[PDB]
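>
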Amino acid sequence: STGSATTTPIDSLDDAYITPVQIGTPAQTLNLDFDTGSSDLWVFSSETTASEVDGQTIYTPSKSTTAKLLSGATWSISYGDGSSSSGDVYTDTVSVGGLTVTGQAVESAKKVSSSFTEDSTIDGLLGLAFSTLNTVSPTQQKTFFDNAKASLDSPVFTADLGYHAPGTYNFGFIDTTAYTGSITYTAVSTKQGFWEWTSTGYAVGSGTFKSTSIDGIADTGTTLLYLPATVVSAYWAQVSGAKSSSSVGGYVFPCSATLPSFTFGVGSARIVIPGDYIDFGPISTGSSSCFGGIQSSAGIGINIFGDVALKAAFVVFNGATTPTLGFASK
Numbered sequence: 001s002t003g004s005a006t007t008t009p010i011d012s013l014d015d016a017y018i019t020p021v022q023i024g025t026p027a028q029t030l031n032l033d034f035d036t037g038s039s040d041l042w043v044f045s046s047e048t049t050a051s052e053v054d055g056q057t058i059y060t061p062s063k064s065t066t067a068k069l070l071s072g073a074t075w076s077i078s079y080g081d082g083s084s085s086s087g088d089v090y091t092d093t094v095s096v097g098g099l100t101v102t103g104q105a106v107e108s109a110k111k112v113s114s115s116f117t118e119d120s121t122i123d124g125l126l127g128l129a130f131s132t133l134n135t136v137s138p139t140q141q142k143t144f145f146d147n148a149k150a151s152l153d154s155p156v157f158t159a160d161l162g163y164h165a166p167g168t169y170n171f172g173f174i175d176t177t178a179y180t181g182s183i184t185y186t187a188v189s190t191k192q193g194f195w196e197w198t199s200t201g202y203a204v205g206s207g208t209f210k211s212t213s214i215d216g217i218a219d220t221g222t223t224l225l226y227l228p229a230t231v232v233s234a235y236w237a238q239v240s241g242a243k244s245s246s247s248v249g250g251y252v253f254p255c256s257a258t259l260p261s262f263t264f265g266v267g268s269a270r271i272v273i274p275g276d277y278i279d280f281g282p283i284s285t286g287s288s289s290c291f292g293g294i295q296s297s298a299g300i301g302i303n304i305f306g307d308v309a310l311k312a313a314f315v316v317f318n319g320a321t322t323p324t325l326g327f328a329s330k
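Heads up: the sequence shown begins at 1 in the deposited numbering, then just goes up one per residue.
1. Can you name the residues that DSSP bridges to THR168?
2. Could you give the distance in angstroms between the alpha-carbon of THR121 and the alpha-carbon of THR190?
3. Between the beta-carbon of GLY265 and the beta-carbon of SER329, is there less than 8 Å?
4. Give the single residue among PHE327, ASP11, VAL316 whose Cα lies nearest to the Cα of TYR169.
5. According to DSSP, is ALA27 helix, strand or coil?
6. Helix, strand or coil: how does DSSP classify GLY326 here?
7. For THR220 and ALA27, I'd like the C-alpha separation in whole angstroms.
8. May I ask you to report which of helix, strand or coil DSSP gives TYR59?
9. Between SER288 and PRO254, is the Cβ-Cβ spacing less than 8 Å?
10. For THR135 and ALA242, I'd like the C-alpha separation in whole angstroms.
11. Could you please give me the residues that DSSP links to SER211 through a beta bridge?
12. Ends of the alpha helix (DSSP H) at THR230?
13. Report buried or exposed for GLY326, applying the criterion of at least 16 other Cβ atoms within 10 angstroms of its Cβ.
14. Report buried or exposed for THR102, applying the criterion of at least 16 other Cβ atoms within 10 angstroms of its Cβ.
15. To the nearest angstrom, report how far apart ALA312 and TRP236 are at their CA atoms.
16. With contact counted as at least three CB pairs below 8 Å, one residue from each stretch, are the segment 13-32 and the segment 50-60 in contact?
17. From what residue to what residue does the beta strand (DSSP E) around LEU126 run?
18. DSSP three-state call for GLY265: helix, strand or coil?
19. Which one of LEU126, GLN22, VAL112 has the shortest CA to CA distance from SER95?
20. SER296: buried (16+ other C-beta within 10 angstroms of its C-beta) or exposed?
21. Starting from the C-beta of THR7, find all residues in its chain whose C-beta is less than 6 Å away, skip the five residues before and the five after it, and write them out in chain order.
22. By the DSSP assignment, the beta strand (DSSP E) with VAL43 in it spans what residues?
23. Who does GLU107 pair with in a DSSP beta bridge?
24. Between the alpha carbons of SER46 and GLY80, how many angstroms are there, rounded?
25. Is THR158 a contact residue of the ligand HEM, with contact defined as CB to any heavy atom under 7 Å?
26. Using CA atoms only, rank isn't needed, just tell me which of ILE214, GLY249, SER245 is closest to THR263.
27. Of the residues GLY98, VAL53, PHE194, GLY286, which one's Cα is nearest the Cα of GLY172?
28. How long is the line joining the alpha carbons of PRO138 and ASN147, rounded to whole angstroms?
29. For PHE314, which beta-bridge partners are listed by DSSP?
30. Which of the three DSSP states, helix, strand or coil, is assigned to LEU13?
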């Protein structure tokens, strides 16, 4: 089997991407944030504290003839950005882009943090990291990809995120029309539950490539590119007036600037992030100071190849017995 679904930016900045997902019978379609940095499929629901729901579409398990309470199961998750959610668990039929899994754990939110409430466009998350990170207790549950894997034509999914435009998540096949040149594959460590890999270096604009190992994660659920402070300083030093602002919480730059590109290495191959992809717009409405899309990972504990980086590539998440990651230009 295969599946193919369009993923759409939630706003004009590509702050996140949403992908329609069919849950239950008859189908209830929710727009979920596909997140290769976590492993829970959770949704706003009829069980979510009413004051914490503001415009989201909810899953109502009592209206699904295939929903079954997973007795005694609960979940609770905290994300890197300090947001969180928790609740109980159903199993139900879940379909993405024509690919169907029966018995998928659908984690129903009883509580969500303010950042989720405040984002009316995201109805929940669909985790695509390794199932070892799944938070369901006392019986850990599998991700949608893990459940689907054995049925897929090939045990892979691909992320093809657009810049200020829709893109595609495919399951079970590699669309050879969706990228240019060749896909370069690179080793993955699953030790922390992530799609963790080592970039071979970077360049800023038309500058020389610096060969250096940068361990980090391919994370579709993180907006920005988080790299070591040395690398980030070297990038922003090429932008007149750019500075790290403690009050804003990272690098900002004059909105009048033309940003240089940023290149990262994948083995001997190179992925070029155009300068425009690094512009996240005014820090507040009407400001001439703009948010940078490349930020320090120094306070995180891990480097994160988030959407800013991934959207510059066609990315293969290869779930073979030994997982790997593939990157191509597009």
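Every residue gets a Cβ at the ideal spot worked out from N, C-alpha and C, and that includes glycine.
So, from the data block:
1. Stepping through the sequence shown from its first residue, residue 168 is reached at position 168. BP columns for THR168 point to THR6, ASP160.
2. Residue mapping note: residue 121 aligns to position 121 of the sequence shown, counting from 1. Residue mapping note: residue 190 aligns to position 190 of the sequence shown, counting from 1. So the two alpha carbons sit approximately 31 Å from each other.
3. Within the sequence shown, the letter at position 265 stands for residue 265. Within the sequence shown, the letter at position 329 stands for residue 329. Not closer than 8 Å, so no.
4. Mapped onto the sequence shown, residue 169 falls at position 169. Out of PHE327, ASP11, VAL316, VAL316 has the C-alpha closest to the C-alpha of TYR169.
5. In the sequence shown, counting from the first residue as 1, residue 27 sits at position 27. Note: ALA27 maps to coil in three-state DSSP.
6. Here residue 326 refers to the residue found at position 326 of the sequence shown. Three-state DSSP puts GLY326 in a strand.
7. On the sequence shown, residue 220 is found 220 positions in, with the first residue counted as 1. On the sequence shown, residue 27 is found 27 positions in, with the first residue counted as 1. C-alpha separation (whole angstroms): 25 Å.
8. Within the sequence shown, the letter at position 59 stands for residue 59. Looking at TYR59 - three-state DSSP - the assignment turns out to be strand.
9. As a working note, residue 288 is residue 288 in the sequence shown. As a working note, residue 254 is residue 254 in the sequence shown. For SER288 and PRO254, yes; Cβs fall inside 8 Å.
10. Translated into the one-based positions of the sequence shown, residue 135 becomes position 135. Translated into the one-based positions of the sequence shown, residue 242 becomes position 242. If you take the alpha carbons of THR135 and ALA242, they lie about 40 Å apart.
11. By one-based count along the sequence shown, residue 211 stands at place 211. Bridge partners of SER211: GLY201.
12. Working through the sequence shown from its first residue, we reach residue 230 at position 230. That run of the alpha helix (DSSP H) goes 229-236.
13. In the sequence shown, residue 326 corresponds to position 326, counting from 1. With 16 or more Cβ atoms within 10 Å of its Cβ, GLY326 is classed as buried.
14. Position 102 of the sequence shown holds residue 102. The residue in question, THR102, is exposed, as its Cβ has fewer than 16 Cβ neighbours within 10 Å.
15. Residue mapping note: residue 312 aligns to position 312 of the sequence shown, counting from 1. Residue mapping note: residue 236 aligns to position 236 of the sequence shown, counting from 1. Going from the Cα of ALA312 to the Cα of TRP236 covers about 19 Å.
16. yes
17. Numbered from its first residue, the sequence shown carries residue 126 at position 126. Run containing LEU126: 124-127, per the beta strand (DSSP E) assignment.
18. For this step, residue 265 is matched to residue 265 along the sequence shown. Looking at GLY265 - three-state DSSP - the assignment turns out to be strand.
19. Here residue 95 refers to the residue found at position 95 when the sequence shown is read from its first residue. Closest option to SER95, Cα to Cα, is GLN22.
20. In the sequence shown, residue 296 corresponds to position 296, counting from 1. Buried.
21. Position 7 of the sequence shown, counting from 1, holds the residue named residue 7. Closer than 6 Å at Cβ, skipping near neighbours: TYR17, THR19, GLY167, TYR169.
22. As a first step, residue 43 is located in the sequence shown; it is residue number 43 there, counting from the start. First-last of the beta strand (DSSP E) with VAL43: 41-43.
23. Mapped onto the sequence shown, residue 107 falls at position 107. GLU107 is bridged to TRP42, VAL89.
24. Stepping through the sequence shown from its first residue, residue 46 is reached at position 46. Stepping through the sequence shown from its first residue, residue 80 is reached at position 80. Cα-Cα distance, rounded: 26 Å.
25. As presented, the structure is devoid of all ligands, the ligand HEM included, so that no description of it is given.
26. As a first step, residue 263 is located in the sequence shown; it is residue number 263 there, counting from the start. The candidate whose alpha carbon is nearest that of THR263 is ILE214.
27. Along the sequence shown, read from residue 1 onward, the residue named residue 172 stands at position 172. Out of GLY98, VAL53, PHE194, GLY286, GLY98 has the C-alpha closest to the C-alpha of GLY172.
28. Within the sequence shown, the letter at position 138 stands for residue 138. Within the sequence shown, the letter at position 147 stands for residue 147. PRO138 and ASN147: Cα-Cα distance of roughly 19 Å.
29. Taking the first residue of the sequence shown as 1, we reach residue 314 at position 314. According to DSSP, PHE314 bridges with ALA328.
30. Indexing the sequence shown from 1 puts residue 13 at position 13. The answer is coil: DSSP assigns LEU13 none of H, G, I, E or B.
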